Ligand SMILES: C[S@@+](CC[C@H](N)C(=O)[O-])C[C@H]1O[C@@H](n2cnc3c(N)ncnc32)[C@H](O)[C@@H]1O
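Let's start with one chain on its own, the form deposited without the ligand, as structure tokens.
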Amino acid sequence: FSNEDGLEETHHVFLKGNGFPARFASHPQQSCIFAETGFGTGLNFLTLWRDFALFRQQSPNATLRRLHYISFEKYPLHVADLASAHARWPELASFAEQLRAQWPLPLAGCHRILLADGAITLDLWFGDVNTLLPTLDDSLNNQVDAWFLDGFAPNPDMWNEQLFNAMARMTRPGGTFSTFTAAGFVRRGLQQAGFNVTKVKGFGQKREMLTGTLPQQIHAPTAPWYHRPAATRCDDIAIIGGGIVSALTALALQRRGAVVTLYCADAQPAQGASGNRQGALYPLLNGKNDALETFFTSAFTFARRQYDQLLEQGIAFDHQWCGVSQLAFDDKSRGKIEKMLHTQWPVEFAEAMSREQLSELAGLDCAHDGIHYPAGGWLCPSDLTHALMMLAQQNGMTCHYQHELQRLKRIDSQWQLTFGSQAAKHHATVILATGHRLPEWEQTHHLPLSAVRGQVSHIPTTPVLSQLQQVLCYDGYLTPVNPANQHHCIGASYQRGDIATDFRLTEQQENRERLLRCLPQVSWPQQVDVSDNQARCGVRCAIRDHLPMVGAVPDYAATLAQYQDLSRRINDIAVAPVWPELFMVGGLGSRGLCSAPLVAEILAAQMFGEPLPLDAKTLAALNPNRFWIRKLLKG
């Protein structure tokens, strides 16, 4: 037993300083929230994990079942650096391996990693703490049970009042912190932030150090107009849906121990918009660093990781992570791509490429230059949705197919559900995930959701078409052959106000026309043949700002009456009015394969009142009431 590896230190300063592991056992909630300034090689996180795992082995019936860890790192290391430093701590080896298996690219923003079969949520915030904290969401307030105040020795950049004030704002009352320093200005900084502070002996030799406790909740400037309320009960949830996002939301809720039931109008899941054979998965970038791009940057990477974790657990679905090549086939598209390339992306996420480079990758002359997304690809969303639905079923979700909801009505603390004609059901909490049909309710009909038919053609491959290795995106898209069926998909029509799903010949020809029109300089696209008239049709739910809608279903009448006064006020203002115990997720447009997993996880986390994985503007930009709140916020 030495001190030289720094493991005993970590345990003394950060775990014991916050009352662990004793505190695991007395902890009164199902989850415990830790936050850390810095992350480094993960020493504090891995040590905590190890202890929390020993505690779960020893007390499988204790209240505490889950750990959430929030970390702020300005200088994210590469996974090889992580591996190299973890050689010092072989006793952490197996936790370390699971961590490194999911370590993300150095992209600015929040990256949520699900570890230990869902018992651990790791929110990695890559960016400067100081510029980050004022951007964070109200869902982080009053949440944190214990802080690991780590980093360089008070170098002074990090240890300002702005950090201490954010920390207290984010601390639950009774929540605590510990740090390795005892610098006077840090002590004074944490007191003025609102903590009680105690000075104690450092580990072994040097230093004194500091611990403390937040005696009272800091009521801090909120944004009540974009409030994200929890469900009061998660032991009785009914999902109305049956597409990709219903299954992901199911699973994200089951990880938290919710009980969920599915009602789906069709005989089978994935008979709506989620039913194609091959769909494209890549991020939507703009180079504007707005809410849209911020969301898609997190969403894409989060979706790839979840899809890989699922595949690792034995879930099966056709797919190739073959890369996506988006072509500058046009003045407009070239301009858009040019703007994206002004932000400096790691080439592991998005890379500018010449016509030659794209074609080299593609196996076919791509006719233009553009941008390449090497982790994008295609998946069979039909297989994926059936697979995730099956998994949710195996894990406890009962499924009632051919249950088209016709009437939804709150009565005496329950939602009464009338179908088309099976028995009426009633539930404490409901979630609407019905895609293009979302705004058909008296409760949802003032939400600006638009419905857009598309038709995707199914085409036989040929020796030349088989050569294609990437998804090609132009004004439309063409996937590589699915080697399991020897067919490709090429789409898609985009018909606003049109919800019929009948095969149309005109639209079948247009899927080929689009390709021929956008790559006129090459001849292989002539090998596309749509004359067997095989296609699939479906209907997207589009939103004019191109971002999903996820959250509580907002109450129009009360919102307008309650915020007529809002602009003058900006005071202590009431939270956004909503229908009680009613939530929604959808508005996925044409990018649901990319956006679905993160919105699902956002919705589950919200309904459980947990900290959310995005900043305030990006969450406000996903909130269902946003188009209204935007007006009222200016008059």
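So that there is no doubt, residue numbering starts at 1 and follows the sequence shown.
One more form of this protein exists, namely the form solved in complex with the ligand; it is left out here, but the text below deals with it.
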{"query": "The ligand contact at residue 39 in the deposited bound form, heavy atom, 4.5 Å", "finding": "yes"}
{"query": "Touches the ligand in the deposited bound form: residue 566 (any heavy atom, 4.5 Å)", "finding": "no"}
{"query": "Distance check, residue 127 to the ligand in the deposited bound form, heavy atom within 4.5 Å", "finding": "yes"}
{"query": "Any non-hydrogen atom of residue 123 within 4.5 angstroms of the ligand in the deposited bound form", "finding": "no"}
{"query": "Of 510, 137, 555, 73, the one that lies within 4.5 Å of the ligand in the deposited bound form (heavy atoms)", "finding": "73"}
{"query": "Candidate from 236, 369, 150, 293 lying within 4.5 Å of the ligand in the deposited bound form - any heavy atom", "finding": "150"}
{"query": "Proximity to the ligand in the deposited bound form (heavy atom, within 4.5 Å), stretch among 42-50, 602-610, 59-67, 574-582", "finding": "42-50"}
